[PDB]
Structures are given as C-alpha cells and as structure tokens.
Amino acid sequence: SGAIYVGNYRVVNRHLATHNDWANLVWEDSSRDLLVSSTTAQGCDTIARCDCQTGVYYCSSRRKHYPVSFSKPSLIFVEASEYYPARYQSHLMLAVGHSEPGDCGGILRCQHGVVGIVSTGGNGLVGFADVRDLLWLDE
Ligand SMILES: NC(=O)[C@H]1CCC(=O)N(Cc2csc3ccccc23)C1
Ligand SMILES: [Zn+2]
C-alpha cells in the first residue's frame with residue numbers, strides 16, 4: 001500500500017483505489033495503473049520534474065529503502081494478476097530489486113522529489129509507475 005499527497009490530490013495505484021477515491025475521482029488510467037482523487041487537506045510531497053534514472057524506493061516487504069538504477073518510462077508487457085489480464089502497461093520503469101504484490105504504493109524518489117510508485121514486479125525485478133509527466137499535479 002501507499003500514496004502520494006501533493007496539493008489537493010492523492011495519487012494511488014488504480015488497483016488499490018478505495019470507494020472514497022472513486023467517489024472523488026480526478027483522473028484514472030488503467031494502462032498506467034494510476035488513479036488520482038481529490039483531498040480536503042493540503043499535501044506536501046514534492047514531485048520530481050527530471051529525467052533521473054537513479055533513486056531510492058521503499059520496500060514494505062523488507063521494511064527497508066533500497067537505492068536503484070531504473071529504465072526510462074516505457075510500454076512494458078505485464079503478466080496477468082487478479083486485477084488485470086496480461087497487457088502492456090505504459091509509463092513504466094523497471095529496476096533490479098525485491099518486490100512482492102503488497103509492496104505496490106511504495107515511493108521511488110530522486111534528489112528532485114517523488115518519481116513514482118511501485119506497480120509491478122517479479123523474478124528479482126521491481127516496476128514503478130512514473131508520475132513526473134503529470135504536470136497538473138502542481139497546479
Ligand atoms: N498490473 C499491475 O500493475 C499490478 C496489478 C496487481 C498485482 O498484483 N501485480 C503483480 C505484482 C505487482 S508488484 C509484484 C511483485 C512480485 C510479483 C508480482 C507483483 C501487477
Ligand atoms: Zn530527479
């Protein structure tokens with residue numbers, strides 16, 4: 001689990017969105033596994049605006065943060081799960097690192113701020129849904 005809180009927005013994995021997230025929907029994209037809902041409280045996270053390929057992510061299944069090198073956002077084939085059939089997920093970045101399904105939502109950060117959230121994984125890889133291109137999260 002995990003979310004990004006910026007301004008009057010809450011960014012979560014679309015497959016983990018709650019009833020309140022859907023009742024206050026701002027934007028969702030199944031191909032990216034992202035959903036953004038509105039909040040009454042003001043969020044303080046900073047979103048990165050950059051093309052970094054190194055950062056640190058939080059891994060809840062180890063209670064640890066790990067430093068990683070990751071690929072630029074791209075269209076990657078993702079195996080079926082209980083939430084989606086096998087499909088291409090867009091805006092996805094991969095790294096070599098540990099992840100389990102419950103790790104989804106953990107933040108990946110660089111020196112500029114929040115880069116994205118854990119969304120995919122398996123076989124010693126971890127994939128992150130990018131949020132750096134969502135310029136509207138700031139205004
Ligand atoms: N299509 C998606 O974005 C998600 C939907 C929900 C889901 O359980 N997964 C699989 C998954 C995510 S982290 C991880 C780590 C080790 C094994 C499996 C997984 C994919
Ligand atoms: Zn950066």
# chains A, B, ... in the order shown; residues from 1 in each chain; ligands from 1
call {"tool": "residues_near_ligand", "arguments": {"ligand": "ligand 1", "cutoff": "9 Å", "atoms": "only C-alpha atoms and all ligand atoms", "output": "ChimeraX atom specification"}}
result
/A:13-16,30-34,78-89,98-104,118-129
call {"tool": "residues_around", "arguments": {"residues": "residue 54 in chain A", "least_positions_apart": "6", "cutoff": "8 Å", "atoms": "only C-alpha atoms", "output": "PyMOL selection string"}}
result
chain A and resi 67-70+110
call {"tool": "write_last_selection", "arguments": {"atoms": "N, CA, C and O atoms", "output": "tab-separated table (two decimals), in the first residue's frame"}}
result
chain	number	residue	atom	x	y	z
A	67	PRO	N	18.56	1.67	-2.84
A	67	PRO	CA	18.97	2.52	-3.98
A	67	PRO	C	18.92	1.69	-5.29
A	67	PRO	O	19.39	0.53	-5.29
A	68	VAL	N	18.41	2.26	-6.39
A	68	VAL	CA	18.31	1.54	-7.65
A	68	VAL	C	18.59	2.40	-8.84
A	68	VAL	O	18.37	3.62	-8.81
A	69	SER	N	19.04	1.77	-9.93
A	69	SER	CA	19.07	2.34	-11.28
A	69	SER	C	17.79	1.85	-11.97
A	69	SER	O	17.41	0.69	-11.75
A	70	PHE	N	17.09	2.72	-12.72
A	70	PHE	CA	15.84	2.30	-13.34
A	70	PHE	C	15.74	2.81	-14.78
A	70	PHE	O	16.35	3.82	-15.14
A	110	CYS	N	14.04	10.58	-6.18
A	110	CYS	CA	15.40	11.02	-6.57
A	110	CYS	C	15.70	12.33	-5.80
A	110	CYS	O	14.88	12.79	-5.00
call {"tool": "closest_atom_pairs", "arguments": {"of": "chain A", "to": "ligand 2", "cutoff": "9 Å", "atoms": "only C-alpha atoms and all ligand atoms", "output": "JSON lines"}}
result
{"residue": "A:48", "atom": "CA", "partner": "ligand 2", "partner_atom_place_in_ligand_line": "1 (Zn)", "distance": 5.6}
{"residue": "A:49", "atom": "CA", "partner": "ligand 2", "partner_atom_place_in_ligand_line": "1 (Zn)", "distance": 6.6}
{"residue": "A:50", "atom": "CA", "partner": "ligand 2", "partner_atom_place_in_ligand_line": "1 (Zn)", "distance": 4.7}
{"residue": "A:51", "atom": "CA", "partner": "ligand 2", "partner_atom_place_in_ligand_line": "1 (Zn)", "distance": 6.0}
{"residue": "A:52", "atom": "CA", "partner": "ligand 2", "partner_atom_place_in_ligand_line": "1 (Zn)", "distance": 4.2}
{"residue": "A:53", "atom": "CA", "partner": "ligand 2", "partner_atom_place_in_ligand_line": "1 (Zn)", "distance": 7.5}
{"residue": "A:54", "atom": "CA", "partner": "ligand 2", "partner_atom_place_in_ligand_line": "1 (Zn)", "distance": 7.7}
{"residue": "A:55", "atom": "CA", "partner": "ligand 2", "partner_atom_place_in_ligand_line": "1 (Zn)", "distance": 7.7}
{"residue": "A:109", "atom": "CA", "partner": "ligand 2", "partner_atom_place_in_ligand_line": "1 (Zn)", "distance": 7.6}
{"residue": "A:110", "atom": "CA", "partner": "ligand 2", "partner_atom_place_in_ligand_line": "1 (Zn)", "distance": 4.7}
{"residue": "A:111", "atom": "CA", "partner": "ligand 2", "partner_atom_place_in_ligand_line": "1 (Zn)", "distance": 5.4}
{"residue": "A:112", "atom": "CA", "partner": "ligand 2", "partner_atom_place_in_ligand_line": "1 (Zn)", "distance": 4.4}
{"residue": "A:113", "atom": "CA", "partner": "ligand 2", "partner_atom_place_in_ligand_line": "1 (Zn)", "distance": 6.6}
{"residue": "A:114", "atom": "CA", "partner": "ligand 2", "partner_atom_place_in_ligand_line": "1 (Zn)", "distance": 8.2}
{"residue": "A:115", "atom": "CA", "partner": "ligand 2", "partner_atom_place_in_ligand_line": "1 (Zn)", "distance": 7.2}
call {"tool": "residues_around", "arguments": {"residues": "residue 66 in chain A", "least_positions_apart": "6", "cutoff": "7 Å", "atoms": "only C-alpha atoms", "output": "PDB file with N, CA and C atoms, in the first residue's frame"}}
result
ATOM      1  N   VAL A  56      15.829   6.058  -4.859  1.00  0.00           N
ATOM      2  CA  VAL A  56      15.671   5.169  -3.710  1.00  0.00           C
ATOM      3  C   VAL A  56      14.196   4.823  -3.586  1.00  0.00           C
ATOM      4  N   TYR A  57      13.878   3.515  -3.386  1.00  0.00           N
ATOM      5  CA  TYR A  57      12.464   3.145  -3.174  1.00  0.00           C
ATOM      6  C   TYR A  57      12.219   2.481  -1.839  1.00  0.00           C
ATOM      7  N   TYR A  58      10.981   2.624  -1.338  1.00  0.00           N
ATOM      8  CA  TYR A  58      10.610   1.978  -0.097  1.00  0.00           C
ATOM      9  C   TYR A  58       9.997   0.598  -0.421  1.00  0.00           C
TER      10      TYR A  58
END
call {"tool": "select_by_dssp", "arguments": {"residues": "range 72-105 of chain A", "states": "strand (DSSP E)", "output": "MDAnalysis selection string"}}
result
chainID A and resid 74:78 87:96
call {"tool": "residues_around", "arguments": {"residues": "residue 20 in chain A", "least_positions_apart": "5", "cutoff": "10 Å", "atoms": "only C-alpha atoms", "output": "VMD selection string"}}
result
chain A and resid 25 37 to 39
call {"tool": "write_last_selection", "arguments": {"atoms": "C-alpha atoms", "output": "CSV table (one decimal), in the first residue's frame"}}
result
chain,number,residue,atom,x,y,z
A,25,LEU,CA,-12.1,10.9,-8.9
A,37,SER,CA,-8.5,11.5,-6.2
A,38,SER,CA,-9.2,14.9,-4.6
A,39,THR,CA,-8.5,15.7,-0.9
call {"tool": "select_by_dssp", "arguments": {"residues": "chain A", "states": "alpha helix (DSSP H)", "output": "list in words"}}
result
residues 19, 20, 21, 22 and 23 of chain A
call {"tool": "closest_residue", "arguments": {"among": "A:130, A:8, A:71, A:106", "to": "residue 59 in chain A", "atoms": "only C-alpha atoms"}}
result
A:106
call {"tool": "atom_distance", "arguments": {"atom1": "CA of residue 105 in chain A", "atom2": "CA of residue 1 in chain A"}}
result
4.7 Å
call {"tool": "atom_distance", "arguments": {"atom1": "CA of residue 9 in chain A", "atom2": "CA of residue 40 in chain A"}}
result
8.8 Å
call {"tool": "atom_distance", "arguments": {"atom1": "CA of residue 41 in chain A", "atom2": "CA of residue 27 in chain A"}}
result
18.3 Å
call {"tool": "closest_residue", "arguments": {"among": "A:64, A:96, A:134, A:107", "to": "residue 28 in chain A", "atoms": "only C-alpha atoms"}}
result
A:134
call {"tool": "residues_around", "arguments": {"residues": "residue 5 in chain A", "least_positions_apart": "3", "cutoff": "7 Å", "atoms": "only C-alpha atoms", "output": "ChimeraX atom specification"}}
result
/A:9-11,43-45
